[PDB]
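What follows is one chain in structure tokens, specifically the form solved without this ligand.
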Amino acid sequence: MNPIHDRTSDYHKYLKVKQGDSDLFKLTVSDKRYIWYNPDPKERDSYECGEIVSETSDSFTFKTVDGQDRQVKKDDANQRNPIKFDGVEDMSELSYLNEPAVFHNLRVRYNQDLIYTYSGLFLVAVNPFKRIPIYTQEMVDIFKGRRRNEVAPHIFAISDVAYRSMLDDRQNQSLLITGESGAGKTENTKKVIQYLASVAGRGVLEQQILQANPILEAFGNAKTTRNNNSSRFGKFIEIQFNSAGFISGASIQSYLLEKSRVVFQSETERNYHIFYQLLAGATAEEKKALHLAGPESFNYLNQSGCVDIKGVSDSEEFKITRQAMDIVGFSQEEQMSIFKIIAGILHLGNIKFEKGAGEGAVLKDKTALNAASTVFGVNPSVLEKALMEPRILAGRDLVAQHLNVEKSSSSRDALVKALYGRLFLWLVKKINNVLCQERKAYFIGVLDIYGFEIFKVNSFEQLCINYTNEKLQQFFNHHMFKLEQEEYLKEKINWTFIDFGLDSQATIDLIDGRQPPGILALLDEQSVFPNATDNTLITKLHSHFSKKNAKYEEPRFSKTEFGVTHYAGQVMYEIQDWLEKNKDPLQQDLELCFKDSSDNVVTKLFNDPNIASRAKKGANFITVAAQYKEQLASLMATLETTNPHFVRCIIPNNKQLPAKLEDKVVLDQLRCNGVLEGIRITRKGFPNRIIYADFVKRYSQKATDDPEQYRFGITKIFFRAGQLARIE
């Protein structure tokens, strides 16, 4: 029996709306009409259902939950849909498209663990915060080759539509998964990869593609206050296919990892998972060979007050990480080298600098220094000198500095952040060498960026993340509304322009603009000015934007913060350390020390120019900001060469709890994502069009010729959704 028609199947049980009863049938055939209204006009996102009891030519009168009757103009009313629509799979079918109506449909589905719903052309996914059995091999097989309208909403379905569009159109595709922090982007990405690896698979390669993930999550993910498994790097995964449509390989591009987390974490957060995995899961012999102990013994692990995550065993995860490294093909010596570096970082963090006779720092106890040097394979006298007495040029003269305690500690931190960041890039490079083995014919690119985030303290890391999220929202705006309406004009189909009111360009320009200069440009200029400080930097930003740019705020309550109004809301950024973060300095004497390491992995991190070298920009090294803007611009150029498919992940609440939809939290996301606007253009517009000549040869204007479902353009014929798909 076909699972899609069998009401006893797990497909029906977990992906279809449950059968209503006799009492529901009664309510469903009622002739009564209802409206969504706010009991408290100050709380615009809390709605109740009232019965419409009478009407005039221009008004409705309705009963409230408590009793009393209210009036409202017909043009301001948010009418409730007939309840036969509750649970509908595609919301472009609703008679009434308004905020509480769309939220209500998502709610009915979520209450019975139906997390996926279409909104016209894109998918909406609401995080369940629990396991639902809809990703087994048996589920994969059901979606295989099925068209969107033949099956229920699912991440698998949209993945298959991209795959078929790649085969039938011979063009590259992309799956763009949006969402604020913890919304479900990474979990959904994993399912897209799973599906494509199965439906287009032949083996070992497909397993290696899958086992790349645990390695990268171990080194690249950490507990933040918004997500227990937060991705602290962005990633674009290119799944590559041959001309026949079989998987031929994969390539991973990463985006700027949060190196600062290695040396500092806020209260309740954790460092990267890998540190806890090694300390919990190391063999008693490894622990002696690496001079390890428990987390509480290390400064880099004992400052947050949190060393574990509910429902996670770090010892079990370490076993998974190691099994992944084997399948991928990291040798046993390479693995030991990797953990020697992790262990050395921890030891470096334990070095305690103290004031000496004068202002220069000294090191009284050498225990931590010696254990680090042992595992890294470097000379401890050289390391010590490089940390506290690094040599620089003054003119052309060579002068030994003697750093104070604060500067010595900061330099040790820079070493640690460089070690960890370069290791991460090396891991990605090694994975890519294994997974990518053939020139591709086509690709489906899967984008999993770090999600929009706000904390008590927001720094340069959060500005880079949030800018990226704004750029991705504008790409949605561009393809859904802007490019769409421009086609209707060029083709004179008597289309009337609509302003959908979604435009992130002003904010994007405030951040990355070149003339006049934006925030990143002024940061770069200050970064190479020898007399610049964090105070001259914030003064410059206020001078250029305060009361001049509508997306900027100089706050009256602080002298070290500035505010940017993003699509997802206003964020206040603290300027402390931005110059040093943008320059990303590392004493050369530290690099010279580690170049002489006996370890074969440590030596590649400091001698491979693709990992250890930095591009020049005239007389200065390229800034972090300039490098990042360039990487992102290149991503966006690549996406513009694909046919994009969108998944909008929505977080239900801010507590990481299941079965708890919070009205204001969800509605804020639907508004700023442009979900309703996306539905309206899908209904009022003409998604399908093809040159008349190419239409006659497959399915000129006389030849080609229900009148409503098409319109004749200057060079193409335009169909609404419903017609062009239903004639082939």
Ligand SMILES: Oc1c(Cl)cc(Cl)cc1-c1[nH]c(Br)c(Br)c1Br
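Residue numbers run from 1 along the displayed sequence.
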(Q) Unmodelled residues of the deposited sequence between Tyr699 and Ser700: none, 1 to 3, 4 to 9, or 10 or more? (A) 10 or more
Q: For the stretch from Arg202 to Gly203, please bin the deposited residues that the model skips: none, 1 to 3, 4 to 9, or 10 or more.
A: 4 to 9
Q | Entry-level comparison of average CA B-factors, 348-356 and 622-630, reporting the higher stretch | A | 348-356
Q.
Test of understanding: from the entry's C-alpha B-factors, which stretch has the higher mean, 249-257 or 607-615?
A. 607-615
Q) Going by the entry, which of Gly421, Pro82, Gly184, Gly329 has the most elevated CA B factor? A) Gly329
Q: Can you pull the Cα B-factors for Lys288, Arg270, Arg396, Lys559 from the entry and say which is highest?
A: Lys288
Q: Going by the recorded CA B-factors, say which third of the chain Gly678 sits in, lowest, middle or highest.
A: middle
Q: Grab the CA temperature factor for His12 from the record and place it in the lowest, middle or highest third of its chain.
A: middle
Q | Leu667 by Cα B-factor - lowest, middle or highest third of the modelled chain | A | lowest
Q: Compare the C-alpha B factor of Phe646 with those of the other modelled residues in its chain, then answer lowest, middle or highest third.
A: lowest
Q: Relative to the other modelled residues of the same chain, rank the CA B-factor of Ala284 and answer lowest, middle or highest third.
A: highest
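Heads up, the form solved in complex with this ligand isn't pictured, but that's what we're talking about next.
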(Q) in the bound PDB entry, is there a heavy atom of this ligand that lies within 4.5 Å of any heavy atom of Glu334, even though the partner is absent here? (A) no
**Q.** this ligand contact in the bound PDB entry: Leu586, any heavy atom under 4.5 Å
**A.** yes
Q. Would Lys417 count as touching this ligand in the bound PDB entry under a 4.5 Å heavy atom rule?
A. yes
Q.
Given that this ligand is not shown alongside this chain, does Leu425 nevertheless sit within 4.5 Å of it in the bound PDB entry, heavy atom to heavy atom?
A. yes
Q. So which of 347-355, 253-261, 320-328, 70-78 is the stretch with heavy atoms within 4.5 Å of this ligand in the bound PDB entry?
A. 253-261
Q) Of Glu554, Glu591, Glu389, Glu640, which one comes within 4.5 Å of this ligand in the bound PDB entry, counting heavy atoms only? A) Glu591
**Q.** Interface residue in the bound PDB entry among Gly87, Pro644, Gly421, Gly249, criterion: non-hydrogen atom within 4.5 angstroms of this ligand
**A.** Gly421
Q. Does any residue in 593-613 get within 4.5 Å of this ligand in the bound PDB entry, counting heavy atoms only, and if so which ones?
A. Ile611
